[PDB]
Amino acid sequence: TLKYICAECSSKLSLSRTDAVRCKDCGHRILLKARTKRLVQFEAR
Amino acid sequence: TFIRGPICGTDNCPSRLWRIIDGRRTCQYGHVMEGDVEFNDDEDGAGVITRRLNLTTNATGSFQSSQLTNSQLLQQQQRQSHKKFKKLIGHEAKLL
Amino acid sequence: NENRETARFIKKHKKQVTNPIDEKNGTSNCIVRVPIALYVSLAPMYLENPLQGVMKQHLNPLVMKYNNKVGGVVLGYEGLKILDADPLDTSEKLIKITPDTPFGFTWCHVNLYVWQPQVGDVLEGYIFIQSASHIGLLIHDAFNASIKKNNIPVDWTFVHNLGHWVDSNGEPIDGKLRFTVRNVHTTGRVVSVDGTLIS
Amino acid sequence: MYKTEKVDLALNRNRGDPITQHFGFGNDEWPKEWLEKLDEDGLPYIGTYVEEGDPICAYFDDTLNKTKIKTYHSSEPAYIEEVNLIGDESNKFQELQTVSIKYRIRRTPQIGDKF
Amino acid sequence: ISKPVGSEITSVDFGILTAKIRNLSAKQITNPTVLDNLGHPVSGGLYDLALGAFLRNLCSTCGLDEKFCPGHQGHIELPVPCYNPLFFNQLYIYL
Amino acid sequence: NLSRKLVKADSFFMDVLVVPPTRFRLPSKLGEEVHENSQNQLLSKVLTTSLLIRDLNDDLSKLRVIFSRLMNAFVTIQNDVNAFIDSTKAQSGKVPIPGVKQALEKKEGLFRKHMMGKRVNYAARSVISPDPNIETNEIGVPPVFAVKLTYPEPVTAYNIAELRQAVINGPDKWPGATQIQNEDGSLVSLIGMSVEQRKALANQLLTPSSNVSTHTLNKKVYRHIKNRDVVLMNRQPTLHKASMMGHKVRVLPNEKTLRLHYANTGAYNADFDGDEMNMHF
Amino acid sequence: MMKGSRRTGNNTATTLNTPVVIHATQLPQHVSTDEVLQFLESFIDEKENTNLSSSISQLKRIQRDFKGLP
Amino acid sequence: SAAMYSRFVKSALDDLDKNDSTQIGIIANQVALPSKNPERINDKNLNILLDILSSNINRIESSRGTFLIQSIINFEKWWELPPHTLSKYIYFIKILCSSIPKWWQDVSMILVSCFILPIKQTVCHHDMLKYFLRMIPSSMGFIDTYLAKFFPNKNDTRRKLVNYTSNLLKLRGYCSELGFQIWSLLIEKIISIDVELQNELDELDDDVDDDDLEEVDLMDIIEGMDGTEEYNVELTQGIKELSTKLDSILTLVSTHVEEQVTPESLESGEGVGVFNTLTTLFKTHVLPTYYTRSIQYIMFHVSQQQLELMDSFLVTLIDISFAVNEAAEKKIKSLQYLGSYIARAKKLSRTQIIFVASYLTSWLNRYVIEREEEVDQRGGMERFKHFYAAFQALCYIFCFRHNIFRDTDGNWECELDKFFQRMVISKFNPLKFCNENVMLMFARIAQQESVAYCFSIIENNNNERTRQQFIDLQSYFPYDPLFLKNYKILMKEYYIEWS
Amino acid sequence: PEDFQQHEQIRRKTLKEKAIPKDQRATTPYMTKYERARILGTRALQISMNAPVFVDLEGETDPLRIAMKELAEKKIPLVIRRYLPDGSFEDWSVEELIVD
Amino acid sequence: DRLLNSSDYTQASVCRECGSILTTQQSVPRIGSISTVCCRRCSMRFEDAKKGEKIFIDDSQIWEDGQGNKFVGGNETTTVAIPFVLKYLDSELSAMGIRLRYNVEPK
Amino acid sequence: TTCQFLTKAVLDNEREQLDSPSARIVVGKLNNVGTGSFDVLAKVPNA
């Protein structure tokens with residue numbers, strides 16, 4: 001289950017098609033994408 | 001990487017094409033055809049010339065892209081087709 | 001005021017030497033020696049034997065082909081002579097290297113034996129095959145002729161079984177045939193000779 | 001070194017023009033191997049390593065029946081730091097058309113840097 | 001360097017094109033339309049296909065394609081002789 | 001005068017224009033937005049007016065106002081070919097359409113930008129760096145530059161041992177090659193290949209092709225820039241001829257900058273704090 | 001393109017192949033039949049003492065034509 | 001029907017004089033339909049269209065008469081017609097190109113492009129082709145451009161590749177005036193597949209029995225598809241194809257050249273011309289090919305049939321290897337080729353073996369005064385690389401052919417048991433500077449023949465021990481054993497095993 | 001026809017009134033720094049196109065370094081044509097010039 | 001090298017009679033021939049066949065283009081090595097009514 | 001003042017001799033200041 005985060009009230013929030021791009025608890029518009037469990041790799045340098 | 005174009009010369013490679021380091025297109029078997037020079041412009045207002053645009057010069061070369069209404073034939077009729085629930089249900093409604 | 005321009009075109013296409021009908025054979029003459037001047041390129045690999053280099057690069061591609069400037073079929077050549085760029089003769093000539101490339105360009109004289117027939121000529125070639133559309137001939141065992149059906153007299157028929165051609169006097173015609181030369185063609189790399197038997 | 005990039009799909013329209021191009025993928029076709037950099041909403045996973053040429057978001061326009069991507073074109077490789085989703089202001093029903101991605105370019109002291 | 005050039009340009013004459021341009025290019029251009037709807041080069045327009053190949057069509061003059069054709073010129077028949085703004089200051093002396 | 005042609009008056013008058021070929025009048029473009037050309041914009045205005053002054057000549061052909069638009073049409077058929085050649089010698093919104101004369105006269109234009117000042121292939125530029133461990137007549141080439149710049153070396157009997165090894169190494173390993181030219185003029189790129197095809201193609205270099213048109217020519221391996229080539233090296237304000245000198249090439253591993261001796265810093269007038277120098281090969 | 005390169009590979013008449021200019025420097029002067037066979041016997045003997053093989057065998061047909069019979 | 005369509009085609013033929021050309025675009029279109037579209041003309045009406053057009057020729061000589069002769073040319077599968085239409089189709093072209101000698105530009109575009117198909121598929125193709133060689137003499141030139149252009153792709157199946165060279169070795173015996181343009185087109189286009197094989201040579205080919213697979217086996221797709229069709233790479237090149245392509249092609253080269261050499265054609269025919277057109281093609285093509293096996297067997301297969309064909313090549317091979325007017329790395333490679341051709345050839349004369357070695361030891365004994373105090377001067381040992389290469393070829397003979405030089409008594413011919421006694425202790429030390437392995441086995445054999453005792457001097461290199469392209473030519477033995485599974489069966493009589 | 005021969009005769013006679021003879025040339029007997037760069041340029045550009053080399057090249061693969069060895073032993077078969085500014089010229093061979 | 005042999009360097013065709021670059025053309029060959037390069041303002045259309053008792057054309061002087069015509073003459077072209085901007089410069093001066101005649105001395 | 005001199009060169013009907021170095025670079029001819037100031041000629045042995 002992919003989700004997002006409201007930038008204002010910090011509530012985790014998934015979003016579907018035919019939805020207003022808003023938070024659903026506060027009415028905030030700016031709504032940043034959370035990070036999920038996914039493999040990236042690095043040299044330890 | 002590969003961009004499918006015409007068949008190739010040399011009586012060897014019948015295949016698609018592929019651009020090479022910055023300037024020319026080859027087949028994937030090594031052979032390269034002539035005149036392939038990619039014709040990219042510079043960038044310098046620049047004259048009061050901002051109108052009459054029809055093309056989009058796709059496919060890594062000169063021109064001929066974005067033909068006018070080559071996919072619009074189903075586009076003005078897919079606003080009235082994609083969405084459901086149009087309240088045109090007359091006799092099926094008595095069944096509904 | 002309409003003569004100083006039209007004269008510049010007639011002498012461009014008027015052929016220099018016409019073919020004469022010679023030794024009262026009926027057969028005209030078409031083998032002719034002509035001296036020419038070339039402007040060729042000697043290459044670095046032939047820089048030790050320059051005559052062999054011009055002969056193998058420019059002279060051998062030219063033989064047995066029709067050439068535009070001499071108006072005929074270049075049979076052979078004789079007497080190649082490289083012009084020296086040092087007007088001092090000698091063996092150790094010297095030619096000029098181009099600035100960009102290692103190639104050297106020079107002038108050369110040579111005599112071309114060319115085969116130049118024109119219209120109004122008479123040739124005797126052997127008939128290769130014959131049909132009810134044409135008569136095909138090997139002019140001097142190397143060239144090709146084609147006497148088409150409108151260019152044959154009407155009183156000459158063709159008996160069929162393929163078959164021999166029939167003349168007016170009932171003679172099945174033999175190979176060694178006299179024929180009058182019509183418009184000589186250029187079109188294919190095969191260079192043909194149109195003809196007439198009418199007059 | 002941080003760096004943002006506003007990805008806008010409403011540059012090409014007027015206010016009286018309906019929607020044409022939509023974030024997310026298309027179906028009835030196979031956009032190959034773009035799902036390693038991108039998520040199923042057409043936005044990149046954050047933390048992802050992108051080079052020049054790599055896709056940076058997927059969109060589906062209805063005027064081509066075709067899924068095109070936008071491309072991170074820069075000489076320096078980066079990591080997706082942030083992806084923000086800008087909502088509308090005028091009406092309460094249209095799809096999201098403005099996304100501002102933030103990239104992170106690491107800069108070790110290479111030979112030629114001035115101290 | 002393996003393609004040598006023989007003949008080469010040694011001097012350059014200046015001059016004026018006489019109105020016998022009709023010899024080298026009678027592919028003259030009368031329609032002020034550049035492209036029609038559905039993107040074709042119109043005949044007798046400023047993008048005619050006898051002026052060289054364009055939009056992956058062949059040249060009507062070369063027979064060659066988009067790249068290999070050198071391009072070709074075309075004239076616009078003015079019905080009246082209006083003078084040249086380059087040589088105008090030096091005929092106004094002579095008038 | 002050796003042709004003794006007559007000085008005529010229709011040298012001053014233009015009965016026809018000529019139109020440049022379509023290659024010289026391709027559409028302008030910004031991004032996806034492919035606009036219409038400057039040259040077609042002026043040249044259509046003449047062609048509408050020519051049809052008008054032809055169509056209106058049919059209107060006056062059946063006999064006032066029609067004589068006052070014909071004479072005004074001669075003002076503007078002259079004014080639109082004056083616009084086709086000049087820009088200031090026509091009328092213009094703020095900055096009018098460039099004519100063919102005004103595409104020629106400044107530092108930019110044509111005659112100084114593209115005839116004295118052309119841009120070149122086989123060149124590179126980079127920040128320079130100090131080095132006392134190279135010779136004074138040398139430049140230290142990075143391996144980034146070294147595997148791009150190629151020199152056509154014709155394969156002969158004395159260099160097939162060093163040009164077989166160039167085709168085998170390929171365009172990744174440094175003393176190698178990128179493409180070979182056949183005797184007919186076509187090239188063969190070695191980029192996507194593996195060591196199977198490259199070793200089987202290095203062994204065919206001295207093989208003659210069966211043709212007789214090209215029995216003189218040999219193949220050309222485009223080897224990389226080795227340690228025995230030279231280079232024009234160019235500090236950018238070239239105020240004198242010692243600002244463009246010819247260095248020898250020494251390919252240094254593990255570097256990202258051109259790398260120059262201290263003895264050359266007075267000649268180019270360089271201070272080692274971010275100067276770029278052009279490397280012409 | 002391919003068949004654009006076939007027509008470059010059709011002719012292939014360059015400055016190693018063909019001369020730059022050729023001019024006929026005098027009037028063409030005919031020879032007798034007696035000097036053609038005088039020429040074709042020495043020219044064939046010179047070129048047969050590679051290519052030119054498709055050319056000399058046509059001359060030998062021409063050489064045989066002035067004295068023999070197919 | 002037969003009387004109905006006979007005047008159907010004359011009405012269209014009379015449209016030249018009516019000047020509209022009505023059914024020329026229809027009647028000749030009908031004969032231009034493919035075989036897979038059965039709406040085409042039948043053969044009965046094809047006899048109708050042919051004999052009208054064979055018997056009247058005046059009314060086609062125009063640009064409106066172009067398209068119908070195009071259709072007779074583009075008639076696909078003309079060689080699979082019944083003989084009352086086939087033998088009438090053949091007679092058309094023999095008088096089409098006779099009447100207009102322009103179309104032969106385009107007829108052998110079709111005739112040479114059908115040489116892909118097998119021999120008995122195309123026996124009528126050479127009947128018309130040889131006809132126009134004795135008919136049109138000025139067509140030998142541009143035919144050669146049609147053979148090189150319609151030579152098949154390198155990565156085709158062998159069906160296009162063993163039947164093209166079979167139809168092109170067919171073309172040689174009918175016209176030896178062509179001759180040299182056949183083999184130059186073969187030999188250079190064998191190296192294309194040949195040298196893609198030895199650089200693989202790591203593990204063996206499994207003898208899978210499915211070699212000869214099948215007998216005779218016997219849609220527009222023209223759209224606007226020039227966009228991106230990305231990432232469909234599947235980069236794989238086969239290997240066991242390439243050993244069987246050289247099994248297929250180069251056996252048929254050596255089976256047909258086995259026909260071309262026999263003393264009925266070497267003494268009164270053109271068999272010596274075969275032998276000269278390959279030796280002059282040997283020293284130009286195959287000798288500057290680096291690291292190439294399996295193609296110098298063709299000159300090996302031919303120069304062993306007679307005593308003359310051997311001896312008319314040994315003097316040729318040596319003149320490459322000892323004239324000053326050549327390149328040195330050609331001279332070393334021919335010495336490299338000479339010792340391996342003598343010692344790895346079965347059917348030779350024993351007096352041929354000695355005269356190579358007698359001349360070779362003469363060259364070392366003509367070396368015996370001039371260049372044997374140059375060593376102590378300021379230079380290197382690389383000044384003598386021609387001398388070491390010749391002595392190395394001498395060692396490679398004696399490691400194989402040693403019992404020949406034993407005479408009836410038990411002594412050695414031409415002081416070979418005294419010659420190496422001088423060469424080893426000379427001031428060149430040819431034990432070190434030649435190849436290691438040919439000198440390692442020469443030391444063992446000199447003990448088992450009692451000729452030299454050069455163990456202790458090869459031992460005398462402990463602290464005692466440009467060059468890389470000279471070490472590597474010592475490692476290229478030309479007559480290494482063949483990898484080809486099916487060509488060695490012919491070579492087993494000719495080529496000697498290890499023991 | 002003969003109109004070519006009327007022009008070739010003029011072209012070579014004009015090229016005879018520019019050739020200064022070998023006894024009367026009055027330029028320097030030195031190889032003047034630009035011949036040497038162009039002789040070694042052009043000769044190396046020939047050796048790379050399979051010209052006959054008249055020096056024992058000893059493992060030298062560089063075509064320019066070969067020409068520098070053909071120059072030191074006077075084995076280069078070239079001729080310099082020194083143009084005087086009216087058009088007339090002096091043909092100096094490479095063997096008789098003195099290299100720096 | 002740094003202003004011709006690396007920047008543009010075309011081998012163009014030039015008529016040796018009118019001395020012009022942009023009046024040249026490779027002909028559309030009739031189906032047997034090989035295409036050749038032939039000038040345009042030195043050419044004369046085949047309709048001009050106006051009046052050796054007859055002045056018939058040798059048929060090697062006759063070339064075609066794809067728009068249909070037959071021209072007579074237009075030969076004597078060569079191949080010179082110029083920059084490409086000279087081809088573009090000579091197409092801008094033609095718009096000004098100015099021609100550049102190039103003298104090509106090997107004739 | 002490019003087309004100032006251009007009209008002057010046409011009304012003069014001038015032949016450009018192509019010997020200034022700014023005129024040789026335009027037409028692509030080799031400059032003749034330095035190594036272009038002479039011609040190299042190769043000596044061939046056979047007549």
# chains A, B, ... in the order shown; residues from 1 in each chain; ligands from 1
call {"tool": "residues_around", "arguments": {"residues": "residue 30 in chain B", "least_positions_apart": "2", "cutoff": "8 Å", "atoms": "only C-alpha atoms", "output": "PyMOL selection string"}}
result
(chain B and resi 26-28+32) or (chain F and resi 188-193)
call {"tool": "write_last_selection", "arguments": {"atoms": "C-alpha atoms", "output": "PDB file, in the first residue's frame"}}
result
ATOM      1  CA  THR B  26      25.023   2.741 -37.472  1.00  0.00           C
ATOM      2  CA  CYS B  27      23.461  -0.670 -37.576  1.00  0.00           C
ATOM      3  CA  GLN B  28      24.095  -2.926 -34.631  1.00  0.00           C
ATOM      4  CA  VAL B  32      27.208   2.763 -40.892  1.00  0.00           C
TER       5      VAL B  32
ATOM      6  CA  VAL F 188      32.735  -0.147 -39.342  1.00  0.00           C
ATOM      7  CA  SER F 189      32.244   0.837 -35.706  1.00  0.00           C
ATOM      8  CA  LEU F 190      33.850  -1.399 -33.074  1.00  0.00           C
ATOM      9  CA  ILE F 191      31.765  -0.190 -30.141  1.00  0.00           C
ATOM     10  CA  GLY F 192      29.158  -2.864 -29.602  1.00  0.00           C
ATOM     11  CA  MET F 193      31.385  -5.766 -30.609  1.00  0.00           C
TER      12      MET F 193
END
call {"tool": "residues_around", "arguments": {"residues": "residue 10 in chain K", "least_positions_apart": "4", "cutoff": "10 Å", "atoms": "only C-alpha atoms", "output": "MDAnalysis selection string"}}
result
(chainID E and resid 13:16 87) or (chainID J and resid 98:100) or (chainID K and resid 5:6 14:15)
call {"tool": "select_by_dssp", "arguments": {"residues": "chain K", "states": "alpha helix (DSSP H)", "output": "MDAnalysis selection string"}}
result
chainID K and resid 2:11 21:27
call {"tool": "write_last_selection", "arguments": {"atoms": "N, CA and C atoms", "output": "mmCIF file, in the first residue's frame"}}
result
data_model
loop_
_atom_site.group_PDB
_atom_site.id
_atom_site.type_symbol
_atom_site.label_atom_id
_atom_site.label_comp_id
_atom_site.auth_asym_id
_atom_site.auth_seq_id
_atom_site.Cartn_x
_atom_site.Cartn_y
_atom_site.Cartn_z
ATOM 1 N N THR K 2 30.119 44.955 -45.144
ATOM 2 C CA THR K 2 30.299 43.830 -46.054
ATOM 3 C C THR K 2 29.622 44.072 -47.392
ATOM 4 N N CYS K 3 28.342 44.402 -47.371
ATOM 5 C CA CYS K 3 27.643 44.647 -48.619
ATOM 6 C C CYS K 3 27.883 46.043 -49.168
ATOM 7 N N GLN K 4 28.573 46.902 -48.425
ATOM 8 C CA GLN K 4 29.136 48.105 -49.021
ATOM 9 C C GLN K 4 30.202 47.745 -50.045
ATOM 10 N N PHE K 5 31.153 46.888 -49.659
ATOM 11 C CA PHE K 5 32.195 46.449 -50.576
ATOM 12 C C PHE K 5 31.690 45.457 -51.597
ATOM 13 N N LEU K 6 30.593 44.771 -51.297
ATOM 14 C CA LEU K 6 30.063 43.777 -52.216
ATOM 15 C C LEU K 6 29.452 44.426 -53.443
ATOM 16 N N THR K 7 28.669 45.484 -53.241
ATOM 17 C CA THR K 7 28.132 46.234 -54.364
ATOM 18 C C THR K 7 29.244 46.902 -55.150
ATOM 19 N N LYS K 8 30.275 47.397 -54.456
ATOM 20 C CA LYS K 8 31.455 47.929 -55.122
ATOM 21 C C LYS K 8 32.180 46.893 -55.957
ATOM 22 N N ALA K 9 32.195 45.635 -55.539
ATOM 23 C CA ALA K 9 32.894 44.614 -56.300
ATOM 24 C C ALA K 9 32.109 44.147 -57.507
ATOM 25 N N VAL K 10 30.788 44.266 -57.477
ATOM 26 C CA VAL K 10 29.945 43.847 -58.584
ATOM 27 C C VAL K 10 29.849 44.927 -59.652
ATOM 28 N N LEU K 11 29.652 46.177 -59.228
ATOM 29 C CA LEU K 11 29.659 47.319 -60.132
ATOM 30 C C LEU K 11 31.024 47.567 -60.750
ATOM 31 N N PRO K 21 45.165 35.940 -47.739
ATOM 32 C CA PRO K 21 44.784 34.756 -46.959
ATOM 33 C C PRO K 21 43.346 34.779 -46.478
ATOM 34 N N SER K 22 42.739 35.954 -46.343
ATOM 35 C CA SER K 22 41.321 36.022 -46.019
ATOM 36 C C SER K 22 40.430 35.636 -47.188
ATOM 37 N N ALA K 23 40.947 35.635 -48.412
ATOM 38 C CA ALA K 23 40.196 35.166 -49.565
ATOM 39 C C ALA K 23 40.426 33.702 -49.865
ATOM 40 N N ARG K 24 41.513 33.128 -49.367
ATOM 41 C CA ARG K 24 41.751 31.713 -49.582
ATOM 42 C C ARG K 24 40.991 30.861 -48.588
ATOM 43 N N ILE K 25 40.753 31.384 -47.392
ATOM 44 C CA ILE K 25 40.021 30.627 -46.391
ATOM 45 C C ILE K 25 38.542 30.579 -46.743
ATOM 46 N N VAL K 26 38.027 31.649 -47.358
ATOM 47 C CA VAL K 26 36.635 31.696 -47.810
ATOM 48 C C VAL K 26 36.371 30.635 -48.865
ATOM 49 N N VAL K 27 37.203 30.589 -49.902
ATOM 50 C CA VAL K 27 36.981 29.639 -50.982
ATOM 51 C C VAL K 27 37.612 28.289 -50.684
#
call {"tool": "interface_residues", "arguments": {"of": "chain B", "to": "chain D", "cutoff": "9 Å", "atoms": "only C-alpha atoms", "output": "ChimeraX atom specification"}}
result
/B:70-72,75
call {"tool": "interface_residues", "arguments": {"of": "chain G", "to": "chain I", "cutoff": "6 Å", "atoms": "only C-alpha atoms", "output": "PDB file with N, CA and C atoms, in the first residue's frame"}}
result
ATOM      1  N   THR G  25      42.971  16.284 -79.246  1.00  0.00           N
ATOM      2  CA  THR G  25      43.890  17.381 -79.515  1.00  0.00           C
ATOM      3  C   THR G  25      44.052  17.666 -81.005  1.00  0.00           C
ATOM      4  N   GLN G  26      43.625  16.752 -81.874  1.00  0.00           N
ATOM      5  CA  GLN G  26      43.670  16.946 -83.316  1.00  0.00           C
ATOM      6  C   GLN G  26      42.419  16.339 -83.927  1.00  0.00           C
ATOM      7  N   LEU G  27      42.334  16.391 -85.251  1.00  0.00           N
ATOM      8  CA  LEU G  27      41.269  15.681 -85.935  1.00  0.00           C
ATOM      9  C   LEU G  27      41.526  14.180 -85.924  1.00  0.00           C
TER      10      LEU G  27
END
call {"tool": "closest_atom_pairs", "arguments": {"of": "chain D", "to": "chain H", "cutoff": "12 Å", "atoms": "only C-alpha atoms", "output": "CSV"}}
result
residue,atom,partner,partner_atom,distance
D:30,CA,H:230,CA,11.5
D:31,CA,H:230,CA,10.3
D:32,CA,H:231,CA,8.7
D:33,CA,H:231,CA,9.8
call {"tool": "write_last_selection", "arguments": {"atoms": "C-alpha atoms", "output": "compact mmCIF listing (two decimals), in the first residue's frame"}}
result
# COMPACT_ATOMS: atom_id res chain seq x y z
CA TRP D 30 4.15 -2.17 -22.34
CA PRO D 31 6.31 0.74 -21.24
CA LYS D 32 9.33 -1.40 -20.55
CA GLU D 33 11.67 -1.28 -17.52
